[PDB]
């Protein structure tokens, strides 16, 4: 049995131009279903977001979408604002994984990393770096670990892998 009851997945509300990223989202969803882990997410039915949330739901697992202020599958939670949204999503998950996404996923994925670095939480954090999507952002962190702004230890907060299967294999340890 997985040490996680729920994993908060941040990802593209857009589907992207490559079916490769779309298949990853679906696979990640099936990985949660198989490992008996439920899904926490930002809600809605659009983009890689829809796929994984629908994939997890279709597989029979529980899905919770937390929105601020398309349709959200599973249990929906509407909160005050985007701050409360990130507050809530992070207060009910046992790990955070980001799939390729845009500014949205970045910020959320970074606040959580900053929170894990500051001690606020120690949940694992992972990047599903498919087709090299996150390569640069991943080198920038290194540029940040080289110049003196991020410690080699905090850099390790970021777990990465090219596929959902292997990716979860690392978070579980």
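Numbering follows the first chain given and starts at 1.
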query = Which class fits the unmodelled deposited stretch between residue 69 and residue 70: none, 1 to 3, 4 to 9, or 10 or more?
reply = 4 to 9
query = Between 13-21 and 154-162, which has the larger average Cα B-factor in the PDB entry?
reply = 13-21
request  = May I ask you to compare 135-143 and 34-42 by their mean CA B factor in the entry and name the higher one?
outcome  = 34-42
query = Should residue 79 be placed in the lowest, middle or highest third of its chain by the C-alpha B factor in the entry?
reply = highest
ask   = Should residue 126 be placed in the lowest, middle or highest third of its chain by the C-alpha B factor in the entry?
value = middle
remark   = By the entry's values, the third containing the CA B factor of residue 112 is the lowest
task = Just say lowest, middle or highest third for the CA B-factor of residue 73 relative to the other modelled residues in its chain.
result = highest
task = Quick one: classify residue 64 as lowest, middle or highest third of the chain based on its Cα B-factor.
result = lowest
